[PDB]
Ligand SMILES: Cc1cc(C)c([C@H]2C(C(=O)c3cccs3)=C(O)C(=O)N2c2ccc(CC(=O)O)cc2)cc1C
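Next comes just one chain, in structure tokens: the form solved without the ligand.
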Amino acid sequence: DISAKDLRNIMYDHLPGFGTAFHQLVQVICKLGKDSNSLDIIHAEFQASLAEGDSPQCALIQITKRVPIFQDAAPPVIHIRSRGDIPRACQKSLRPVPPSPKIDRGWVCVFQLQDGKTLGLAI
């Protein structure tokens, strides 16, 4: 029974950079994993993908496609004031939101500004 905090840190060890789209995906994966009691499943699958020679980025994408809750839960909406509140690297990946985005279709989260505007964070 690994904690979401510890799994996050293990995944972060493999992903250089700060405030990236893939760091945001780790957060989404760990929260949703925690809330669906599937952190251990996710961790085992992450370790197994690295052992087959997958990049950590590929391993995480494979988790969003295989682990049940990621086709049960939509990309989380994150409420922020203005666009500058989005991490710098994440901003490089912002797109208009499709009607109803899926996590396994390359959408990490949706940022919603105070003015109501929504922005889809692509992987």
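Numbers for residues come from their place in the sequence shown, where the first is 1.
The following text describes the form deposited with the ligand bound, which does not appear among the structures shown.
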Residue (of 51, 44, 80, 58) lying close to the ligand in the entry with it bound, criterion heavy atoms within 4.5 Å | 80
Though only this chain appears here, would residue 67 touch the ligand in the entry with it bound if you measure heavy atom gaps against 4.5 Å?
-> no
Counting only non-hydrogen atoms and a 4.5 angstroms cut-off, does residue 40 reach the ligand in the entry with it bound?
-> no
Just to confirm, residue 85 within 4.5 Å of the ligand in the entry with it bound by heavy atoms?
-> yes
Contact label in the entry with it bound: residue 93 to the ligand, heavy atom within 4.5 Å | no
